[PDB]
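Descriptive analysis of the structure
Now for the letters of each chain:
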Amino acid sequence: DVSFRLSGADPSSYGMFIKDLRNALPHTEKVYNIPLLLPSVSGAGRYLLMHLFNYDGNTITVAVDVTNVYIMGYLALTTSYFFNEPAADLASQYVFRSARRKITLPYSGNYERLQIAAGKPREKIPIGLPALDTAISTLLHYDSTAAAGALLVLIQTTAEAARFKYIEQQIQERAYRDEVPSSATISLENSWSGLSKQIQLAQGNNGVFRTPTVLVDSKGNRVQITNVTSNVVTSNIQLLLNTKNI
Ligand SMILES: C[n+]1cn([C@@H]2O[C@H](COP(=O)(O)OP(=O)(O)O)[C@@H](O)[C@H]2O)c2nc(N)[nH]c(=O)c21
Ligand SMILES: *[C@@H]1O[C@H](CO)[C@@H](O)[C@H](O)[C@H]1NC(C)=O
């Protein structure tokens, strides 16, 4: 399991949590020096538990699929919640079995479905460590509209930060003040599968992507990523979705 406490949290303790989260995901291989997540894992071992504590010390446990960093569901006191999707239903076979009741949220874990439930795109939802404290608190008691927004915050501040060092840094900058995500942040989230695929296809193509990946940069400018020498590959991306899962 990995853990993160909002009480006393600072850029450093958050950085230690995102490092723990990355290090909890198993890999047998690196591709271009980036850990390659596994094609699959059997049974309970497929799921990492993240224990998150709001500023007051209340906690949820979030179940994450270690092959793709997808949040499947979470436990809040004696109630479990899972996304309305087959992979989460399968997860519910393995985690939080001791919950007194299981609620299936009325959406899947897809960014578009979450944004429609929440009533807003994530361009307009501030993220940061204060927003994560709020998200944890919201998820403590069921409210499906409020929870969609909380889950947009939670997914970006945990999974997306584990995946991209830039997103981790964006959150550290927002340790004491929320702010909506930069265009670059949104771009990276949206390209993770694409990037993962192109970095693995590069392995037999002299480091060159079969198909260029288009991103937005730090100044809000649209750039083409064509090969493994790009800073996005050498510095930013920390985990690769296995092409078997693409
Ligand atoms: C396809 N899918 C992607 N995710 C992840 O959940 C978040 C939003 O899902 P998405 O809109 O599919 O992501 P993307 O367009 O950025 O790839 C991102 O972290 C995705 O990696 C997903 N998460 C869940 N729980 N279930 C899914 O089917 C699923
Ligand atoms: C590879 O990527 C770098 C940009 O990161 C660029 O300077 C170079 O022109 C690209 N070359 C090829 C052959 O794709």
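Residues numbered from 1 in each chain as written, not as in the entry; some residues may be left out. Chains lettered and ligands numbered in written order. Heavy atoms only, no water.

1. As for the layout of surface pockets
- Considering only enclosed or pocket space, the largest pocket measures out at about 450 Å³ in volume.
- Residue lining of the largest pocket: 18 residues in total, with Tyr 70, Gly 109, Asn 110, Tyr 111 and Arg 163 positioned closest to the centre.
- Its residues assigned to classes, the lining of the largest pocket comprises ten nonpolar, four polar and four charged.
- Shared between two domains, the lining of the largest pocket takes at least three residues from each, and those domains are domain 1 (1–162) and domain 2 (163–246). (1 Å grid on protein atoms, 1.4 Å probe; cavity = no way out; pocket = protein on both sides within 12 Å on 5 of 7 lines; lining within 4 Å. Points joined across faces, edges and corners; volume = space filled by probe spheres on them. Nonpolar A, V, L, I, M, F, W, Y, C, P; charged D, E, K, R; others polar. Domains from an automatic or database assignment.)

2. Observations regarding the sheet that holds strand β1 (residues 2–5)
- Spatial strand order, β1-β4-β5-β6-β7-β8: six strands in an open sheet with mixed pairing. Unpaired on one side and paired on the other, β1 and β8 (101–104) mark the two borders of the sheet. Between one strand and the next, the sheet's axes are offset by a mean angle of 20°, whatever the strand orientation.
- Examined bridge by bridge, β1 and strand β4 (residues 47–53) share four bridges and lie parallel to one another. Bridge pairing in β4 links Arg 5 to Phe 53.
- Its contacts with the sheet place helix α5 (residues 144–163) against β4, β5 (59–65) and β6 (70–76), and it is angled at close to 125° to β6. (Pairing = 2+ DSSP bridges. Helix = DSSP H or I, 4+ residues; strand = E, 2+ residues; numbered from the N terminus. Axes fitted to C-alpha atoms, helices over the stretch in contact; angles between N-to-C directions. Contact = heavy atoms within 4.5 Å.)

3. Some words on the site of ligand 1
- With respect to spatial proximity, 13 residues lie near ligand 1, and among them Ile 71, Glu 85, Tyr 111, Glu 160 and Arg 163 are the closest.
- Note that an oxygen atom of ligand 1 is positioned 3.1 Å from one of the side-chain N or O atoms of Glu 160.
- Contact distances for ligand 1 include 3.1 Å between an oxygen atom and a backbone N or O atom of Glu 189.
- Relative to its unbound accessible surface of 540 Å², ligand 1 loses 76% to contact with the protein.
- Judged by the proximity of its atoms to the pocket grid, ligand 1 belongs to the largest pocket.
- Sorting the residues of the shell around ligand 1 by element identifies β6, α5 and α7 (183–202) as the ones contributing at least two each.
- Structurally, the shell around ligand 1 is a two-domain feature, drawing no fewer than three residues from each of domain 1 (1–162) and domain 2 (163–246). (Near = heavy atom within 4 Å. Polar contact = N/O pair within 3.5 Å; in protein donor to acceptor, adjacent residues only side chain to side chain. Areas by Shrake-Rupley, 256 points an atom, 1.4 Å probe, with all protein chains shown as cover. Sits in = over half its atoms within 2 Å of the grid points.)

4. Section: the site of ligand 2
- Close to ligand 2 lie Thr 226, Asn 227, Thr 229 and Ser 230, which account for all nearby residues.
- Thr 226 places a side-chain nitrogen or oxygen 3.1 Å from an oxygen atom of ligand 2.
- With respect to ligand 2, the side chain of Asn 227 contributes an N or O atom lying 2.4 Å from an oxygen atom.
- Contact with the protein chains removes 35% of the 360 Å² of surface that ligand 2 exposes when unbound.
- By residue class, the composition of the shell around ligand 2 is no nonpolar, four polar and no charged.

5. Section: the UniProt feature "binding site: CDP" (unreviewed entry) in the protein chain
- Under the feature "binding site: CDP" (unreviewed entry), the UniProt entry names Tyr 70, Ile 71, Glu 85, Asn 110, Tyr 111, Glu 112 and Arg 163. Put simply, the named residues that line the largest pocket are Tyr 70, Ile 71, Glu 85, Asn 110, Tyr 111 and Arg 163.
- Note on placement: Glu 85 falls in the loop between β7 (79–82) and α2 (86–91).
- Apart from the residues within four sequence positions on either side, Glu 85 is in contact with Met 72, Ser 108 and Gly 109.
- On the secondary structure map, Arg 163 appears in helix α5.
- When its relative accessible area of 5% is taken as the criterion, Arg 163 is described as buried.
- Leave out the neighbours within four places in its chain, and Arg 163 touches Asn 68, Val 69, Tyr 70, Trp 192, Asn 236, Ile 237, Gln 238 and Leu 239. (UniProt positions renumbered as here; feature names shortened; annotations may be inferred. Buried < 20%, exposed > 50% of the residue type's maximum accessible area, 1.4 Å probe, protein only.)

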